[PDB]
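See below for my_file.tsv, which holds TSV, C-alpha atoms.
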```
chain	number	residue	atom	x	y	z
A	1	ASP	CA	10.69	-22.17	-14.01
A	2	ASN	CA	9.00	-18.74	-14.33
A	3	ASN	CA	11.05	-15.68	-13.21
A	4	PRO	CA	11.11	-11.85	-13.79
A	5	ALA	CA	13.40	-12.21	-16.87
A	6	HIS	CA	10.35	-13.71	-18.71
A	7	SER	CA	8.18	-10.56	-18.51
A	8	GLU	CA	7.59	-8.03	-21.29
A	9	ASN	CA	9.59	-4.83	-21.73
A	10	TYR	CA	8.07	-1.52	-22.83
A	11	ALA	CA	8.15	-2.26	-26.58
A	12	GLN	CA	6.69	-5.74	-26.14
A	13	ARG	CA	3.88	-4.57	-23.84
A	14	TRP	CA	2.85	-1.84	-26.31
A	15	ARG	CA	2.97	-4.17	-29.36
A	16	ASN	CA	1.21	-7.05	-27.53
A	17	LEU	CA	-1.68	-4.77	-26.43
A	18	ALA	CA	-2.15	-3.17	-29.89
A	19	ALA	CA	-1.97	-6.70	-31.43
A	20	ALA	CA	-4.39	-8.25	-28.88
A	21	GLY	CA	-7.12	-5.81	-29.97
A	22	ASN	CA	-9.23	-6.43	-26.81
A	23	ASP	CA	-12.13	-4.25	-25.64
A	24	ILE	CA	-10.35	-3.09	-22.47
A	25	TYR	CA	-11.55	0.50	-22.13
A	26	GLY	CA	-15.26	0.07	-21.24
A	27	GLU	CA	-14.82	1.30	-17.72
A	28	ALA	CA	-12.81	4.29	-18.91
A	29	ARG	CA	-15.52	5.18	-21.47
A	30	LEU	CA	-18.14	5.45	-18.69
A	31	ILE	CA	-15.91	7.65	-16.49
A	32	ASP	CA	-15.12	9.82	-19.54
A	33	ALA	CA	-18.88	10.22	-20.19
A	34	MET	CA	-19.40	11.30	-16.59
A	35	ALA	CA	-16.38	13.70	-16.43
A	36	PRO	CA	-16.15	17.41	-17.17
A	37	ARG	CA	-13.20	18.20	-19.49
A	38	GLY	CA	-9.90	18.31	-17.63
A	39	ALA	CA	-11.38	16.60	-14.58
A	40	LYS	CA	-9.21	15.45	-11.69
A	41	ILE	CA	-9.63	11.70	-11.45
A	42	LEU	CA	-8.35	9.03	-9.09
A	43	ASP	CA	-7.86	5.50	-10.51
A	44	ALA	CA	-8.06	3.59	-7.19
A	45	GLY	CA	-6.49	0.15	-7.44
A	46	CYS	CA	-5.26	1.04	-10.94
A	47	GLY	CA	-3.05	-1.97	-11.66
A	48	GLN	CA	-0.77	-1.01	-14.55
A	49	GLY	CA	-2.92	2.03	-15.38
A	50	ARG	CA	-5.27	0.86	-18.16
A	51	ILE	CA	-8.21	3.01	-17.04
A	52	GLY	CA	-6.39	6.06	-15.70
A	53	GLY	CA	-3.93	6.00	-18.62
A	54	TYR	CA	-6.83	6.11	-21.13
A	55	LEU	CA	-8.39	8.96	-19.16
A	56	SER	CA	-5.07	10.89	-19.15
A	57	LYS	CA	-5.08	10.66	-22.95
A	58	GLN	CA	-8.52	12.36	-22.92
A	59	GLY	CA	-7.01	15.44	-21.20
A	60	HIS	CA	-7.96	14.62	-17.61
A	61	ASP	CA	-5.65	15.07	-14.58
A	62	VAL	CA	-5.17	11.49	-13.45
A	63	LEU	CA	-3.60	9.98	-10.33
A	64	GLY	CA	-3.48	6.18	-10.17
A	65	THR	CA	-2.76	4.29	-6.95
A	66	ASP	CA	-2.12	0.55	-6.53
A	67	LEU	CA	-0.29	-1.63	-4.00
A	68	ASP	CA	1.74	-3.48	-6.64
A	69	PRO	CA	5.05	-1.70	-7.37
A	70	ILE	CA	5.80	-3.54	-10.63
A	71	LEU	CA	2.48	-2.55	-12.10
A	72	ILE	CA	2.90	1.10	-11.03
A	73	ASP	CA	6.25	1.03	-12.70
A	74	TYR	CA	4.59	-0.13	-15.95
A	75	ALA	CA	2.04	2.69	-15.58
A	76	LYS	CA	4.81	5.27	-15.16
A	77	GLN	CA	6.51	4.00	-18.35
A	78	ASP	CA	3.32	3.68	-20.33
A	79	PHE	CA	1.43	6.80	-19.21
A	80	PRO	CA	3.91	9.60	-18.33
A	81	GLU	CA	1.21	12.33	-18.72
A	82	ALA	CA	-0.48	10.87	-15.63
A	83	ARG	CA	0.69	10.52	-12.02
A	84	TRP	CA	1.18	7.17	-10.33
A	85	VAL	CA	1.86	6.02	-6.77
A	86	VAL	CA	2.37	2.75	-4.87
A	87	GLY	CA	0.08	2.40	-1.86
A	88	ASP	CA	-2.43	0.19	-0.12
A	89	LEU	CA	-5.71	2.03	0.27
A	90	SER	CA	-6.73	-0.03	3.25
A	91	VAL	CA	-3.72	1.14	5.35
A	92	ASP	CA	-2.20	4.18	3.59
A	93	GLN	CA	-4.29	7.39	3.58
A	94	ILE	CA	-4.67	9.13	0.20
A	95	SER	CA	-3.36	12.64	1.00
A	96	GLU	CA	-4.70	14.28	-2.20
A	97	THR	CA	-8.33	15.35	-2.39
A	98	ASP	CA	-10.92	17.25	-4.43
A	99	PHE	CA	-11.20	14.53	-7.03
A	100	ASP	CA	-14.12	15.08	-9.39
A	101	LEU	CA	-14.23	11.37	-10.09
A	102	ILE	CA	-12.83	8.31	-8.41
A	103	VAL	CA	-12.97	4.96	-10.26
A	104	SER	CA	-12.38	1.40	-8.95
A	105	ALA	CA	-12.45	-1.11	-11.86
A	106	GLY	CA	-9.89	-3.67	-10.61
A	107	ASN	CA	-12.49	-6.27	-9.69
A	108	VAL	CA	-10.10	-7.96	-7.17
A	109	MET	CA	-12.05	-7.41	-3.85
A	110	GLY	CA	-11.12	-10.86	-2.50
A	111	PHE	CA	-7.60	-9.63	-1.86
A	112	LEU	CA	-8.89	-6.85	0.39
A	113	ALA	CA	-8.96	-8.10	4.04
A	114	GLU	CA	-12.26	-7.73	5.89
A	115	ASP	CA	-10.76	-5.26	8.41
A	116	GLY	CA	-9.38	-3.13	5.52
A	117	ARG	CA	-12.75	-2.60	3.80
A	118	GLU	CA	-14.13	0.27	5.86
A	119	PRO	CA	-10.76	2.10	5.94
A	120	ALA	CA	-10.44	1.62	2.17
A	121	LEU	CA	-13.87	3.20	1.58
A	122	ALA	CA	-13.35	6.02	4.13
A	123	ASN	CA	-10.16	6.69	2.22
A	124	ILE	CA	-12.10	7.06	-1.08
A	125	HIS	CA	-14.61	9.28	0.61
A	126	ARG	CA	-11.97	11.67	1.99
A	127	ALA	CA	-10.26	11.98	-1.44
A	128	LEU	CA	-13.60	12.80	-3.12
A	129	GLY	CA	-14.47	16.44	-3.76
A	130	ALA	CA	-17.69	17.87	-2.29
A	131	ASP	CA	-19.41	17.47	-5.66
A	132	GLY	CA	-17.46	14.45	-6.86
A	133	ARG	CA	-18.58	10.92	-7.55
A	134	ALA	CA	-17.09	7.54	-6.82
A	135	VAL	CA	-17.82	4.73	-9.30
A	136	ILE	CA	-16.96	1.24	-8.09
A	137	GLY	CA	-17.48	-1.88	-10.25
A	138	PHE	CA	-16.98	-5.53	-9.33
A	139	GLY	CA	-18.57	-8.94	-9.83
A	140	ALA	CA	-20.77	-11.19	-7.68
A	141	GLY	CA	-18.90	-14.06	-6.03
A	142	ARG	CA	-15.56	-12.22	-6.39
A	143	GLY	CA	-14.88	-11.45	-2.69
A	144	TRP	CA	-17.59	-9.01	-1.47
A	145	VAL	CA	-21.34	-9.48	-0.92
A	146	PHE	CA	-23.09	-6.47	-2.52
A	147	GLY	CA	-25.34	-5.69	0.47
A	148	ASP	CA	-22.38	-5.54	2.89
A	149	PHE	CA	-20.42	-3.42	0.41
A	150	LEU	CA	-23.25	-0.88	0.20
A	151	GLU	CA	-23.56	-0.90	3.99
A	152	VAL	CA	-19.86	-0.13	4.46
A	153	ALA	CA	-20.03	2.54	1.73
A	154	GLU	CA	-22.98	4.26	3.43
A	155	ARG	CA	-21.36	4.02	6.92
A	156	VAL	CA	-18.33	6.04	5.77
A	157	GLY	CA	-20.55	8.64	4.04
A	158	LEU	CA	-20.71	7.51	0.41
A	159	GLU	CA	-24.38	7.87	-0.61
A	160	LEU	CA	-25.62	5.54	-3.36
A	161	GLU	CA	-26.88	7.64	-6.31
A	162	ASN	CA	-27.43	4.76	-8.72
A	163	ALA	CA	-26.39	1.22	-9.54
A	164	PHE	CA	-25.99	-0.69	-12.81
A	165	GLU	CA	-25.08	-4.30	-13.55
A	166	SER	CA	-22.47	-3.29	-16.17
A	167	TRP	CA	-20.13	-0.46	-17.30
A	168	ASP	CA	-22.43	0.01	-20.31
A	169	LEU	CA	-25.31	0.99	-17.97
A	170	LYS	CA	-27.64	-1.98	-18.03
A	171	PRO	CA	-29.84	-1.66	-14.93
A	172	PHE	CA	-29.00	-3.41	-11.72
A	173	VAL	CA	-31.91	-5.79	-11.06
A	174	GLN	CA	-32.66	-8.76	-8.78
A	175	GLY	CA	-30.09	-11.50	-9.53
A	176	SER	CA	-27.63	-9.12	-11.22
A	177	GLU	CA	-24.17	-10.70	-11.25
A	178	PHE	CA	-22.08	-7.51	-11.38
A	179	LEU	CA	-22.42	-4.10	-9.71
A	180	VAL	CA	-21.33	-0.69	-10.90
A	181	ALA	CA	-22.28	1.62	-7.99
A	182	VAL	CA	-22.22	5.39	-8.22
A	183	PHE	CA	-21.79	7.40	-5.02
A	184	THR	CA	-21.92	11.00	-3.97
A	185	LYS	CA	-20.12	12.46	-0.95
A	186	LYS	CA	-22.09	12.64	2.32
```

Show me this structure written as C-alpha cells.
Amino acid sequence: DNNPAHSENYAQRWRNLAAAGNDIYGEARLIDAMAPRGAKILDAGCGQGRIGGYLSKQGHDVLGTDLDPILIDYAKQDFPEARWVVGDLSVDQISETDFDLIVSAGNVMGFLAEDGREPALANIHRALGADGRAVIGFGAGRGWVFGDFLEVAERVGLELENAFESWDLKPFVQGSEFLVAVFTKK
C-alpha cells in the first residue's frame, strides 16, 4: 500500500537526519582531507547528495550526478550551493572535466550492467583533471569482483595509486572485505 504520498518533504527529511544522528559523512571526510580548498569535485552516483552536499558546505565546487531523478531533486532542495544532474554514467557522457577529485561512495555496483562498467569508468577518467584523483569505495560481494574492477579501471587509463579497506584508511590486505581505491589519470 506504499505510494509517493508516504515520502518525506523537505522539513521532514532535514529533521529526520538531524534526529537520526548517524555517522554518514566518513566518505566526505576523506575526500575533504585529500582536497585543496575550493576544489572542483564530482560526486559520481551521488544519490540524494550526502557526500557532495557535505563537500559543498566545505567551500568546494561540487557537481553530483545520479540516474535517479527523485534523489537528484532532493539534492537540489537540500544542497542549493552545489550543482546536480540526472544521468546514467554507463550511457551518458559527463561533458564537464578538470575535476580535482571524483568520488564514488554509493556502494551499489550490482545495479551497473556488465557492459556498462568499462564505459562508466572511461567516463570518470575523461572527467578527471590531469592531476586529479578518483576515489571509488565499495564492498566485497556487492556486485563487482575487486580484481576485475581494477582491471577495467587500468584498461581505461585510471592508474591505481593506493588502496584501503575503509574510508578511514585501514590498509587493504588479503581477505579485505571492502575497497577504497585511489586512482590517478593515465

>> Please list as a ChimeraX atom specification every residue within 6 Å of residue 102 of chain A, counting only C-alpha atoms and excluding residues in the same chain fewer than 5 positions away.
In response: /A:41-42,134

> Can you tell me, as a list in words, what residues are no more than 12 Å from residue 32 of chain A when counting all atoms listed in the file, ignoring any on the same chain fewer than 4 positions away?
Replying inline: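 Contacts, in chain order: residues 25, 26, 27, 28, 36, 37, 38, 39, 40, 41, 51, 52, 53, 54, 55, 56, 57, 58, 59, 60, 61, 62, 100, 101, 102, 103, 135 and 167 of chain A.
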
The selected residues should be written to file as an mmCIF file, keeping the file's coordinate frame (atoms: C-alpha atoms).
```
data_model
loop_
_atom_site.group_PDB
_atom_site.id
_atom_site.type_symbol
_atom_site.label_atom_id
_atom_site.label_comp_id
_atom_site.auth_asym_id
_atom_site.auth_seq_id
_atom_site.Cartn_x
_atom_site.Cartn_y
_atom_site.Cartn_z
ATOM 1 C CA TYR A 25 -11.550 0.500 -22.130
ATOM 2 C CA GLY A 26 -15.260 0.070 -21.240
ATOM 3 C CA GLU A 27 -14.820 1.300 -17.720
ATOM 4 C CA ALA A 28 -12.810 4.290 -18.910
ATOM 5 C CA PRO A 36 -16.150 17.410 -17.170
ATOM 6 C CA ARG A 37 -13.200 18.200 -19.490
ATOM 7 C CA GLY A 38 -9.900 18.310 -17.630
ATOM 8 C CA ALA A 39 -11.380 16.600 -14.580
ATOM 9 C CA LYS A 40 -9.210 15.450 -11.690
ATOM 10 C CA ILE A 41 -9.630 11.700 -11.450
ATOM 11 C CA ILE A 51 -8.210 3.010 -17.040
ATOM 12 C CA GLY A 52 -6.390 6.060 -15.700
ATOM 13 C CA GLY A 53 -3.930 6.000 -18.620
ATOM 14 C CA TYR A 54 -6.830 6.110 -21.130
ATOM 15 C CA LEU A 55 -8.390 8.960 -19.160
ATOM 16 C CA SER A 56 -5.070 10.890 -19.150
ATOM 17 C CA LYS A 57 -5.080 10.660 -22.950
ATOM 18 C CA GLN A 58 -8.520 12.360 -22.920
ATOM 19 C CA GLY A 59 -7.010 15.440 -21.200
ATOM 20 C CA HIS A 60 -7.960 14.620 -17.610
ATOM 21 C CA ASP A 61 -5.650 15.070 -14.580
ATOM 22 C CA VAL A 62 -5.170 11.490 -13.450
ATOM 23 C CA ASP A 100 -14.120 15.080 -9.390
ATOM 24 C CA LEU A 101 -14.230 11.370 -10.090
ATOM 25 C CA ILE A 102 -12.830 8.310 -8.410
ATOM 26 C CA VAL A 103 -12.970 4.960 -10.260
ATOM 27 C CA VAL A 135 -17.820 4.730 -9.300
ATOM 28 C CA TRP A 167 -20.130 -0.460 -17.300
#
```

>> Could you check which residues have any atom within 12 Å of (-17.2, -10.5, -3.9), counting only C-alpha atoms with coordinates taken straight from the file, and then list them as a PyMOL selection string?
In response: chain A and resi 107-114+117+137-149+177-179

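Of note, atom CA of residue 64 of chain A and atom CA of residue 91 of chain A are spaced 16.3 Å apart.
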
Shell of 7 Å around residue 127 of chain A, only C-alpha atoms, local chain residues under 6 positions omitted, as a short mmCIF file (atom, residue, chain, number, x, y, z; two decimals) with C-alpha atoms, in the coordinates of the input:
```cif
data_model
loop_
_atom_site.label_atom_id
_atom_site.label_comp_id
_atom_site.auth_asym_id
_atom_site.auth_seq_id
_atom_site.Cartn_x
_atom_site.Cartn_y
_atom_site.Cartn_z
CA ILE A 94 -4.67 9.13 0.20
CA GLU A 96 -4.70 14.28 -2.20
CA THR A 97 -8.33 15.35 -2.39
CA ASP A 98 -10.92 17.25 -4.43
CA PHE A 99 -11.20 14.53 -7.03
#
```

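What separates atom CA of residue 185 of chain A from atom CA of residue 71 of chain A is a distance of 29.3 Å.
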
> Pick from A:120, A:4, A:16, A:82: nearest to residue 70 of chain A, with all atoms listed in the file counted?
Replying inline: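 Ranking A:120, A:4, A:16, A:82 by distance to residue 70 of chain A, first place goes to A:4.
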
>> Let me make sure I understand: among A:182, A:156, A:20, A:35, which one has the smallest atom-to-atom distance to residue 126 of chain A if we use all atoms listed in the file?
In response: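 Distance minimum relative to residue 126 of chain A lands on A:156.
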
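Residue nearest residue 118 of chain A, chosen from A:154, A:43, A:131, A:88 and counting only C-alpha atoms: A:154.
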
>> Calculated over all atoms listed in the file, which of the candidates A:31, A:72, A:86, A:152 has the smallest distance to residue 132 of chain A?
In response: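 Looking only at the distances to residue 132 of chain A, the closest residue turns out to be A:31.
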
> Between atom CA of residue 162 of chain A and atom CA of residue 184 of chain A, what is the spacing in Å?
Replying inline: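 Going from atom CA of residue 184 of chain A over to atom CA of residue 162 of chain A, I get 9.6 Å.
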
Selection near residue 150 of chain A, 10 Å with only C-alpha atoms, sequence-local residues under 6 positions removed, as a tab-separated table (two decimals) with C-alpha atoms, in the coordinates of the input:
```
chain	number	residue	atom	x	y	z
A	158	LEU	CA	-20.71	7.51	0.41
A	159	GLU	CA	-24.38	7.87	-0.61
A	160	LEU	CA	-25.62	5.54	-3.36
A	181	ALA	CA	-22.28	1.62	-7.99
A	183	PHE	CA	-21.79	7.40	-5.02
```

>> For residue 77 of chain A, find every residue with an atom within 12 Å (counting only C-alpha atoms), except residues of its own chain fewer than 2 positions away, and show them as a list in words.
In response: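 Returned residues: residues 9, 10, 11, 13, 14, 48, 49, 53, 70, 71, 72, 73, 74, 75, 79, 80, 81, 82, 83 and 84 of chain A.
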
>> If we draw a sphere of 9 Å around (-25.7, -1.5, -14.6), which residues have at least one atom in it when counting only C-alpha atoms? Please report them as an MDAnalysis selection string.
In response: chainID A and resid 162:173 176 178:181
